[PDB]
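Every heavy atom of this structure was used, including side-chain atoms; hydrogens, water molecules and symmetry mates were not. Throughout, protein chains are lettered first and strands after them, A, B, ... in sequence-line order, and every chain is numbered starting at 1.
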Protein chains: 2
Amino acid sequence: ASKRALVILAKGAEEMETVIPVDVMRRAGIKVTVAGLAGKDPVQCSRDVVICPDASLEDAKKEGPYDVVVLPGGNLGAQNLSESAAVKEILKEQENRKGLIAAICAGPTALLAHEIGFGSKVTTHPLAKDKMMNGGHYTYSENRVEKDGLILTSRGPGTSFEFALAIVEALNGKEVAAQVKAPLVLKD
Amino acid sequence: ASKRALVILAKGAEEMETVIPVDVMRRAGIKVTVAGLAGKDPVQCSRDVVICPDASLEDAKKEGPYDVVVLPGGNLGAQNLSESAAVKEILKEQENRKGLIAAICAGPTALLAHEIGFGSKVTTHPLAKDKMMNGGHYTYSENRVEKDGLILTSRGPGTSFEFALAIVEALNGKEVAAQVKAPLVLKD
């Protein structure tokens, strides 16, 4: 009866956009797997924080399905996610089974690379808007968190808490998200 | 001419309170050393994120002095910081040379354990107030970030961004902090 989250961690990922959702989701009782795109080895994030993943993406793929797939941002991290065939397969499968897909900052540009969720309203970091909108396949929003169908996006490192709590609310409901939120000392 | 920050990372530390200041400080051009209390080995944080430190505290101690010493929170992390003689020596030396000391959430209770900054106004997580105030050696504040002399404290994971930007402002000034803040997409 436990919900499950897959966080895909690639070199160059924004480490704040990785750790905040992982932490908050585990506070909500979600079983989170931080999976290294390139294997089980430690990942050097965009600001040189080095994180040890829980598993390789290859192994984590076999232990699906996941209730949410989470794509952190970071320009170079997002480019690695966009170029990976394994990520394409995971996201397409998640779209088909109508599971939640969540991406933050530059992370959403991987959805475009893999032709995921076309027609949805999405947000990105302001600096990633042009890239996301190439072709007009999405409708752009400037909301700090945007949820359209099964696609949940958010704008930046400073929206990471709102992003993570939106995932919790979608998976576990509003009361759990409020319970988890209170000890964090968030402003609003 | 480069400012230098020491972040002391112990088992049980709050990983969000560790990564946000490290990331934000590096965005500000500060040279940050994440030092493992127990050595160079990977550190399991409170919500099971595993971080590889840049150095052991023993080695980082020899490469001082630092313009700021940063103490993350996490109940068990803070207890490990409070019991460590090496931390006592680092903090006392930092107090003597009038360097900045920054601690967040439960982190400030290590200042009490090591008899640091008595008489200062401080804040903590609400759940750590009673512990910090044992003996009445400090004056308590409920501000999200509090700075009294060379002691800078903050309340929780949700104040981590304000905490980190206060460090940047103290070290590099208000204009750098504002420049670093803008791409983060913080609300206020």
**OP:** Only counting residues at least two apart or in another chain, list the ones meeting side-chain contact (heavy atoms from CB on, under 4.5 Å) with B:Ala35.
**Re:** B:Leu6, B:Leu57, B:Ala60
Original post:
Listed by chain and number, what are the side-chain contact (heavy atoms from CB on, under 4.5 Å) partners of A:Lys187, not counting sequence neighbours?
Top reply: B:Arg144, B:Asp188
Could you report the tightest heavy-atom contact between [X] and [Y], atom names first, then the distance?
{"X": "B:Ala102", "Y": "B:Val68", "answer": "CB-CG2, 4.1 Å"}
{"X": "B:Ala106", "Y": "B:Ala78", "answer": "O-CB, 3.5 Å"}
{"X": "A:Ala170", "Y": "A:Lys147", "answer": "CB-CE, 4.3 Å"}
{"X": "A:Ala164", "Y": "A:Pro21", "answer": "CB-CA, 3.7 Å"}
{"X": "A:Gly77", "Y": "A:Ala10", "answer": "O-CB, 4.1 Å"}
{"X": "A:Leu9", "Y": "A:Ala13", "answer": "CD1-CB, 3.8 Å"}

Short question: side chain of [X], backbone of [Y] - any donor-acceptor pair under 3.5 Å?
{"X": "A:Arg4", "Y": "A:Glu63", "value": "yes"}
{"X": "B:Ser84", "Y": "B:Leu81", "value": "no"}
{"X": "B:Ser120", "Y": "B:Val122", "value": "no"}
{"X": "B:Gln94", "Y": "B:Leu100", "value": "yes"}
{"X": "B:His125", "Y": "B:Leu127", "value": "yes"}

Is there a side-chain contact between [X] and [Y] (heavy atoms, below 4.5 Å)?
{"X": "A:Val70", "Y": "A:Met25", "answer": "yes"}
{"X": "B:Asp67", "Y": "B:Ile30", "answer": "no"}
{"X": "B:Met16", "Y": "A:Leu184", "answer": "yes"}
{"X": "B:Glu14", "Y": "B:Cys105", "answer": "no"}
{"X": "B:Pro157", "Y": "A:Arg27", "answer": "yes"}
{"X": "B:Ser160", "Y": "B:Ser154", "answer": "no"}
{"X": "B:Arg26", "Y": "A:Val49", "answer": "yes"}
{"X": "B:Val22", "Y": "A:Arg47", "answer": "no"}

Would you please name every residue forming a side-chain hydrogen bond (donor to acceptor under 3.5 Å, both in side chains) with [X], sequence neighbours left out?
{"X": "B:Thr123", "value": "B:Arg155"}
{"X": "A:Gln44", "value": "A:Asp48"}
{"X": "A:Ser82", "value": "none"}

Should [X] and [Y] be counted in the same cluster of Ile, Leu, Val, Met, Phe, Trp and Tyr side chains packed under 4.5 Å apart?
{"X": "A:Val19", "Y": "B:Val32", "answer": "yes"}
{"X": "A:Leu150", "Y": "A:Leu71", "answer": "yes"}
{"X": "A:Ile104", "Y": "A:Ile90", "answer": "no"}
{"X": "A:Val87", "Y": "A:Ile116", "answer": "yes"}
{"X": "B:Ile101", "Y": "B:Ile167", "answer": "no"}

Original post:
Charged N to carboxylate O under 4.0 angstrom, A:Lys11 versus A:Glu83?
Top reply: no
Original post:
With the threshold set at 4.0 Å, does a side-chain nitrogen-carboxylate oxygen contact exist between B:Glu95 and B:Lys92?
Top reply: yes
Pairwise distance [atom1]([X]) to [atom2]([Y]) - rounded to 0.5 angstrom:
{"X": "A:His137", "Y": "A:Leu112", "atom1": "NE2", "atom2": "CG", "result": "6.5 Å"}
{"X": "B:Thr109", "Y": "B:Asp130", "atom1": "OG1", "atom2": "CG", "result": "12.0 Å"}
{"X": "B:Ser46", "Y": "B:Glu17", "atom1": "OG", "atom2": "CD", "result": "7.5 Å"}
{"X": "B:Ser2", "Y": "B:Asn172", "atom1": "OG", "atom2": "CG", "result": "8.5 Å"}
{"X": "A:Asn80", "Y": "A:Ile8", "atom1": "CG", "atom2": "CD1", "result": "12.0 Å"}
{"X": "A:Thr33", "Y": "A:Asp59", "atom1": "OG1", "atom2": "CG", "result": "11.0 Å"}

Taking [atom1] in [X] as the centre, count heavy atoms belonging to other residues, nucleotides or ligands within less than 6.0 Å. Is the count above 12?
{"X": "A:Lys121", "atom1": "NZ", "answer": "no"}
{"X": "A:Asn134", "atom1": "CG", "answer": "no"}
{"X": "B:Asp148", "atom1": "CG", "answer": "yes"}
{"X": "A:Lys131", "atom1": "NZ", "answer": "no"}
{"X": "B:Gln179", "atom1": "CD", "answer": "yes"}
{"X": "A:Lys129", "atom1": "NZ", "answer": "no"}

Subject >> All pairs passing ring-ring contact (aromatic ring centres under 6.0 Å, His included) where residues 138-182 of chain A contributes a residue, at least two apart >> reply: A:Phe118-A:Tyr138
Subject >> Test applied, side chain to side chain contact (heavy atoms under 4.5 Å, CB included); reference residue, A:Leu165; option that passes from A:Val145, A:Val24, A:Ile20, A:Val176 >> reply: A:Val24
